[PDB]
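A single chain comes next, written as structure tokens; it is the form deposited in one PDB entry.
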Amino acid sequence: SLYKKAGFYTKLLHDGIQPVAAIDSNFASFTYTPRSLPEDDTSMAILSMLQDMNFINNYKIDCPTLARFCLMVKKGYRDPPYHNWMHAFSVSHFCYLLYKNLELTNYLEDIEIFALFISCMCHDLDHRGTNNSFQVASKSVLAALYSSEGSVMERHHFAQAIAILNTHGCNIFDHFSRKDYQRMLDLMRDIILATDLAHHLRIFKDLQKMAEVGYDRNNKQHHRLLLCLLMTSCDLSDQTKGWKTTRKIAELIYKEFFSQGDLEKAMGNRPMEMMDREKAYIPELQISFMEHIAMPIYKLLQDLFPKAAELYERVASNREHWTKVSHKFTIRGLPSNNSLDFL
């Protein structure tokens, strides 16, 4: 359960921002797997995405400041199996794919899309590989700061994002007017807080109604709900990739969950069954997560954006693959080598 912080640029500045096609001809497609990209090329890819969406020119973003901001955000992640920089990078890449493939500009303001992308980058900053319940139980400093207000980790992720903006030479919004600077902070707060599953469970019935009635670009509330739905679709986007991606992410997520469970046992507390390596049956848990959480999110995305149908079909297909493969996975927890390659 020990996950370290690596701390407390020229290669990015000299080698100019790259055209996205030079990274991969499939870079702007829903079939691209951003986890395939070498970790050392991810900061360059973030810059390339912001340039391709024209955010650097439209918001007059200072490129050295942007390069420093990206490296600070990258260094802001610990190394648990799942909630690391590669997860934030892949979530950020999905936001870019929604911009490129759906008609985001016809649904949200440019500032809201910029905020969605920056939030994707920051949304799990300094994650400890433990959930909100653990913060409360371990009586952590984060729980002391935020438990009474809800969404402990998510409030921390946003505070970490703010601390980066406040770091000398990293303020990408420095030249913004007081009103626009504040709008960026408010958007980043609401978007990061939307990543708490408990918040998604609370606003579901309303997302279910926005799609039932239809999206209205003039309803300020429709903009807020959409950002919540889009942020959760970026968060769970590993489920929209190929079977091998969902299998590898299940391995990473459960290795992280099982480490929390071992830690709870060491503290003399009984962990949730899904976090207990002696009780959890991964295929059943994954199928339940896809049916209750991931599939309804992509079904809503499909209802609002017709071009998003392929995303929902891929999630449904992956859920079908888990059912069919379950007969070959006869054990609770993970095998001795922590790998699901046998599937």
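Whichever C-alpha set is largest while still superposing within 1.5 Å between the two forms counts as the rigid core. All residue numbers are counted from 1 along the displayed sequence.
Unmodelled deposited residues between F8 and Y9: 4 to 9, per the record.
If you average the C-alpha B-factors over 175 to 183 and over 111 to 119, the higher value belongs to 175 to 183. The question of which stretch, 318 to 326 or 9 to 17, has the higher mean Cα B factor is settled in favour of 9 to 17. Comparing C-alpha B-factors across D79, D235, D206, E154 in the deposited entry, the largest value falls on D206. Comparing the C-alpha B-factors of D262, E256, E103, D196 in the entry, the top value falls on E103. In the deposited entry, the Cα temperature factor of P271 sits in the middle third of values across the chain's modelled residues. The PDB entry assigns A163 a C-alpha temperature factor belonging to the middle third of its chain's modelled residues. Ranked against the other modelled residues of its chain, the C-alpha B-factor of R128 as given in the entry falls in the lowest third. Annotation for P283: CA B-factor lies in the middle third of the chain's modelled residues. Per the PDB record, residue ranking by Cα B-factor puts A211 in the highest third of the chain.
Beyond the structure shown, there is the form deposited in another entry, which is absent from this document and is the topic of what follows.
Annotation for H321: C-alpha shift under 2 angstroms between this form and the one not shown, rigid core superposed.
If you fit the rigid core between this form and the one not shown, you'll see the Cα of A22 move by less than 2 angstroms.
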